[PDB]
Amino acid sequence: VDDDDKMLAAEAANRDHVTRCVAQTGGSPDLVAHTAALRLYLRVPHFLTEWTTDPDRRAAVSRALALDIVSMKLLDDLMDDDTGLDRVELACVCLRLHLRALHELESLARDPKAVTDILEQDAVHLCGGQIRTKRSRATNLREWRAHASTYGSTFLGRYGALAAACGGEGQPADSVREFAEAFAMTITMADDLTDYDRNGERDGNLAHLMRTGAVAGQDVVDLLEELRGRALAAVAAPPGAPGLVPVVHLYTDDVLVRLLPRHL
């Protein structure tokens, strides 16, 4: 049973925990299906908990993170209001998942207070950040990175910290977070470059800027390499999560090989 097998089982475990929860609180089939389709969001908790040595604790933190991450995703669907889903269900399920995650995370934390500490610390940076992002669309790679640094980096960074706080000892908290923030930016770029065609996104979309000439391909390549480097270093800090090395390369290379050509 290799790492991929662990990952695949973690992702399915997170998905089941999430859908069971959506269903029991009144979620409709379309809403349950919608959450089951948030693949990477369901997968990412597995990478964030790679430093956790007890398999049971790891599975429990992983699914708790998945509940809140899906929750935040639904809140995001609710503000964009473009999924066709019922706003009442979206709101209620969003709240319900979130509260269950708080409960599960706190029952796993060394200090229950650490969970709300982490969620509040940069709550202003994250929420004020999302507001500004949708307010003024980016016009160059500098502005794009600045924005993605909040809804992407700070957003996953928090779950990084939560994973270290709920993961017991042998957790280099700052590195887990560094990893999460650099990895989050790689995948946010990926999303941007996939959602241009799948969603028809334009304003502030990195793909659009690439096609309209406001952003050079080489600079995008450079940023990706800087992010890869940052992630690799984070996972090499002691105790170390060598299992994340190939994951960093996988997602980075996918953007370089599959996604960039689509826009140049």
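We call the rigid core whatever largest set of C-alpha positions still superposes within 1.5 Å between the two forms. All residue numbers refer to positions in the sequence shown, first residue = 1.
- In 6 other deposited structures of this protein, superposed by the rigid core, the C-alpha atoms of 203-211 lie farther from the shown form than the other of 203-211 and 39-47.
- Averaged as a root mean square over residues and superposed structures in 6 other deposited structures of this protein, CA distances to the shown form are larger in 189-197; the pair compared was 189-197 and 73-81 with a core fit.
- Mean CA temperature factor is higher for 138-146 when stretches 138-146 and 121-129 are set side by side in the entry.
- Taking only CA atoms, the mean B-factor in the PDB entry is higher for 189-197 than for the other of 160-168 and 189-197.
- Going by the entry's values, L78 shows the largest Cα B-factor out of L99, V93, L78, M72.
- Split the chain's modelled residues into thirds by C-alpha temperature factor. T83 is in the highest one.
- When the modelled residues of the chain are ordered by their C-alpha B factor, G229 lands in the lowest third.
- In the PDB entry, a CA B factor belonging to the middle third of its chain's modelled residues is recorded for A33.
- In this PDB entry, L8 carries a Cα temperature factor that places it within the middle third of its chain's modelled residues.
- Among all modelled residues in this chain, the alpha-carbon of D111 has a temperature factor (C-alpha) in the highest third.
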